[PDB]
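Okay, here we've got a single chain as structure tokens, the form deposited without its partner chain, with questions on binding and movement later.
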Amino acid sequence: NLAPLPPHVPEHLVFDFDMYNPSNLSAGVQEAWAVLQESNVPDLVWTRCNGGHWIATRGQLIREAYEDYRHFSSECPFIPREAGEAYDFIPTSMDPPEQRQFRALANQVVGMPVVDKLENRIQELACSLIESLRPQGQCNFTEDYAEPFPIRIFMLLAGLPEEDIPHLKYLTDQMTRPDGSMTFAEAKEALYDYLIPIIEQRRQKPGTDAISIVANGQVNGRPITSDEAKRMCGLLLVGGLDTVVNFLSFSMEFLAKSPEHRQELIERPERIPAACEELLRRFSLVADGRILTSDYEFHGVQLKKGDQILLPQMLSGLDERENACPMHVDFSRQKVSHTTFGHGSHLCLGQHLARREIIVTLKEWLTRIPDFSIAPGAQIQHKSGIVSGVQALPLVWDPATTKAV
């Protein structure tokens, strides 16, 4: 239902958008959120859904809020409030100054040097998975590639057994797109329940995997605590299991639907990195937020201490003020403006790993399976939440149009 309108919010700003089930979802999830950028819609709106909260609807306000951590705090970043309050991942639930000291440690485990360590194996797993599918003439992309490719790279990096994936994937998805069986707090505690013994084991007997590195790490020259390590590792699991996994499906759905765009990349594969950036803009997927630390007037709107404000990345990338014809995918787009990896002091530390997985996937897929389509008659369903995704993506192709490398 709809939470009662707080007295400080005027009626003309009320737009009852539901981030977990947006009314226009059947048009595509990005399209559903873009209803907030129609002609009659102010830059900042109040929804009475999900307990009641603000939504910033334009890149300019989104970027400003991200930059101003004094007024807009990461301490309670997720909607609904109970989820934001429970959320205590590091460094995401912290503001500067305390946040910063934890970035260097996370960078040690998912940053560029690690992407270098994993380079060959990333390449090898993409090729092996795609070659196994190639002669089939069909696949269920979400389960056959989008999930196993990034997830198996992550489990390798984290030194976790692949047999644990179904359990961990289920729990991660309850934090972002809950089925209703578990509250955010329950799902998070279950992920903690998994990590707690593994962290203790690896503090006793360190390995070289990401969990060992975090758990034995130093934070500005002092030892990390067991609790801090757990809160960092929780975030890493969500990053590994529910980010690139969804993004790959949005991208492949688009490419399946656009022979012209496939052809551009088939003919000029050196454009794949630029294509990756334009796809990251167009198929952005995270709805991050903040909590007001004081009463504050922002863009003519009175915000009250404790109000939550959603800062959806879809709305920066799809903002026509920032990107002309924003629903069009243009691989030659000149100035690709987006906040898909965040903005300000919390810029995604996994972004280098993410881009490598995306770029490798596009290159290695189009090399082997240049010509593919959505299964005839299929209707692709999206799902919305803290991270949006694609429920299923049945693809088909003629094996005679494929090439084994």
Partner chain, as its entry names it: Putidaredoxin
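Positions refer to the first chain, counted from 1.
This next part talks about the form solved in complex with its partner chain, which is not shown.
**Request:** Consider the chain as shown here, without its partner, and state which of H261, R177, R103, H299 has a heavy atom within 4.5 Å of its partner chain in the deposited bound form.
**Result:** In short, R103.
**Request:** Counting non-hydrogen atoms within 4.5 angstroms of its partner chain in the deposited bound form, say which of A34, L362, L44, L349 makes the cut.
**Result:** Spelling it out, the residue with a heavy atom inside the cut-off is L349.
**Item:** Region of this chain that lies against its partner chain in the deposited bound form, out of 51-59, 340-348, 365-373, 24-32 [heavy atom, 4.5 Å]
**Value:** Careful reading of the contacts points to 340-348.
**Message:** Is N107 part of the interface with its partner chain in the deposited bound form - any heavy atom within 4.5 Å?
**Reply:** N107: yes, in contact with its partner chain in the deposited bound form.
**Item:** Exercise: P113 in contact with its partner chain in the deposited bound form, heavy atom 4.5 Å
**Value:** Yes.
**Prompt:** Is there a non-hydrogen atom of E67 within 4.5 angstroms of a non-hydrogen atom of its partner chain in the deposited bound form?
**Reply:** Output for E67 is yes: heavy atoms within 4.5 Å of its partner chain.
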